[PDB]
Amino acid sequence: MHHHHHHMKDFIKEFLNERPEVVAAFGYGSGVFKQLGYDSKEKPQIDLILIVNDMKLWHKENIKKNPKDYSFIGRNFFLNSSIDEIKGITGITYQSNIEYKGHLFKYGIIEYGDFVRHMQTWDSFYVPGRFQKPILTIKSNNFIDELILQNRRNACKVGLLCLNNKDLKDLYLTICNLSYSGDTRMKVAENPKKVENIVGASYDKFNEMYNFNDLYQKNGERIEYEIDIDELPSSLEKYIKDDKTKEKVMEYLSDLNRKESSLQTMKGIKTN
């Protein structure tokens, strides 16, 4: 009689319905999927990721329909600066603390093509890492769903490679951690607790997401697998060709997580 995901999806569609159309749309994060370790009563932001055809024109059209989605700085940023500066290295731009119906929304915009390239090749890891956690689908298609699956499969290969103990919960934690290693906006103390608080409260969703019995098999709480990383996304595979170990894979990923979270936090003031 109550399906959380139908009720959230409807509310989010209301928000999007005042905004220029998108190719696909997804909810994620603590405003969409519960997390342990929040004090009740904390009203976290509803985090969304929207895929568009043309970054410049989606924003231009939304600056006329919803000008209050943007600071003064930010409108000039989106209308004046080069597309290369706007996309930056992650390809995604964030509007935060957007108020709608007693809630706060924070959405990111990414062009279709940058989404495809990043998901397939991991030349950037910022967005593909977020798609390794629970995703509420609002609007998608077969092709994008298959991108999402391959990205999880390759995350799972990397997870199995890094794992020391053959324990299921720790595979889920290792996977969920890939995009958090090296993140510059997470205080040191809370970094391990954030990952635990996500997996702890969405264990079911993780069960569905990483249900790949050709890579590893579940026996209660432990798993059996043989390491297989022979096909990985092209930029990480290129990076590791002479040193295919867990250490070099984590080197690549956390280097990207450090550089990208830092650039993403700078771009965020230029666009509020």
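All residue numbers refer to positions in the sequence shown, first residue = 1.
*Asks:* In the PDB record, does 97-105 or 72-80 carry the higher mean Cα temperature factor?
*Replies:* Between 97-105 and 72-80, it is 72-80.
*Asks:* Between 86-94 and 160-168, name whichever shows the higher mean Cα B factor according to the PDB entry.
*Replies:* Per the deposited B-factors, the answer is 160-168.
*Asks:* Hey, what third does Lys194 fall into on Cα B-factor, ranked over its chain?
*Replies:* It falls in the bottom third of the chain.
*Asks:* Using the B-factor values recorded in the entry, state whether the Cα atom of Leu173 falls in the lowest, middle or highest third among the modelled residues of its chain.
*Replies:* It belongs to the middle third of the chain when residues are ordered by C-alpha B-factor.
*Asks:* By its CA B factor, does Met119 count among the lowest, middle or highest third of the modelled residues in the chain?
*Replies:* Lowest third - that is where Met119 ends up once the chain's C-alpha B-factors are sorted.
*Asks:* Could you place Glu42 in the lowest, middle or highest third of its chain by Cα temperature factor, using the values in the record?
*Replies:* Within its chain, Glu42 is a highest-third residue by C-alpha B-factor, going by the deposited values.
*Asks:* Which third of the chain holds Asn219 when residues are ordered by C-alpha B factor: lowest, middle or highest?
*Replies:* According to the entry, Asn219 has a C-alpha B-factor in the chain's highest third.
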